[PDB]
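First, one chain by itself: the form deposited in one PDB entry, in structure tokens.
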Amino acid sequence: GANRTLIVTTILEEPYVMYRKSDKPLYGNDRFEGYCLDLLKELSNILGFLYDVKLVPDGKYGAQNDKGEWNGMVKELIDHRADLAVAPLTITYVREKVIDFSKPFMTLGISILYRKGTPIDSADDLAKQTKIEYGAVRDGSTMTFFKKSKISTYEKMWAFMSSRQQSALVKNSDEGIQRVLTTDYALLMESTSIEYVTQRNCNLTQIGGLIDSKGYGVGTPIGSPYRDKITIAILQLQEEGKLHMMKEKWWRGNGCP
């Protein structure tokens, strides 16, 4: 009916969506905390809906496979299994063909996460060598950027990152970050996430600048009436200062000297 609970697809990703720590078992939406849960609470209040947070069944953001089919949160929306995707879901032209997005709630670009104190200063520096491995999270927009790029350097990088003996394309962010911390490996990832990670890991740094410029939006199925309503709500949250409050809350830290 009109007041049905909305199914919200999302994915574990620090600090957007995390398991809340508790001495006792937690259940339902209370299992989760993070920037996206705060955003979802605000949207639910403004737009007057109830919601059920469900982790994406395949643990993927979404890419089109060799059969031409989508996976991840994008597929959950296409197949109407979810009403909304509230996650750091990158707005891209290819995704806009199959799902709708609100206007962006946060901006980002791809860059490089690596350790401090090395001679590696740019993507070019990584691309021209083979000792240091590098890659990206599988089945997301960063992977797709490299896979589809026609820029010489990024074509070379794609060829390398998709052809290592131990796959350099990692399952999720946490796996990639651990690889940067424990082996000679650099992770291509989004600047939002790099800022979070580098503040919590003072031996790590961003290498170079941003190599593209994009936004995150709330995803909906094509034609959903919630898309425009969520755009309006995001504008309200921005004007009120609430997006700034949420960013400060979840990117809080002591800095790195």
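What we label the rigid core is the largest C-alpha set whose atoms superpose within 1.5 Å from one form to the other. In case it trips you up, residue 1 is the first one in the sequence shown, and so on.
Engineer: Between 171 to 179 and 136 to 144, which has the larger average Cα B-factor in the PDB entry?
Structural biologist: 171 to 179 has the higher mean C-alpha B-factor.
Engineer: Between 193 to 201 and 62 to 70, point out the one with the higher average CA B-factor as the PDB entry records it.
Structural biologist: The recorded data point to 62 to 70.
Engineer: Go through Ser111, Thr90, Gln166, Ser162 one by one and give the residue whose Cα B-factor in the PDB entry is largest.
Structural biologist: Of the options given, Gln166 has the highest CA B-factor in the PDB entry.
Engineer: By the CA temperature factor listed in this entry, which of these ranks top: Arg95, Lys103, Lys150, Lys75?
Structural biologist: So the option with the highest C-alpha B-factor is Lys150.
Engineer: Looking at the C-alpha B-factor of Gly209, is it in the lowest, middle or highest third of its chain?
Structural biologist: It falls in the bottom third of the chain.
Engineer: Name the third of the chain's ranked CA B-factors that contains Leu6, choosing lowest, middle or highest.
Structural biologist: Tercile = middle for this residue's CA B-factor.
Engineer: Can you tell me which third, lowest, middle or highest, the CA B-factor of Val86 falls into for its chain?
Structural biologist: Middle third.
Engineer: Against its chain's modelled residues, does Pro25's Cα B factor rank lowest, middle or highest third?
Structural biologist: For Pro25, the deposited C-alpha B-factor lands in the highest third.
Engineer: Of the three thirds of its chain by CA temperature factor, lowest, middle or highest, which one includes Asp52?
Structural biologist: CA B-factor rank for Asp52: middle third.
The form deposited in another entry is left out here; the points below concern that form.
Engineer: After a rigid core superposition, would you say the CA of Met73 moves by 2 angstroms or more between the shown form and the other one, or not?
Structural biologist: Moves: no, less than 2 Å.
Engineer: Superposing on the rigid core, is the Cα displacement of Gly215 between the shown form and the other one 2 Å or more?
Structural biologist: No, the C-alpha position differs by under 2 Å between the shown form and the other one.
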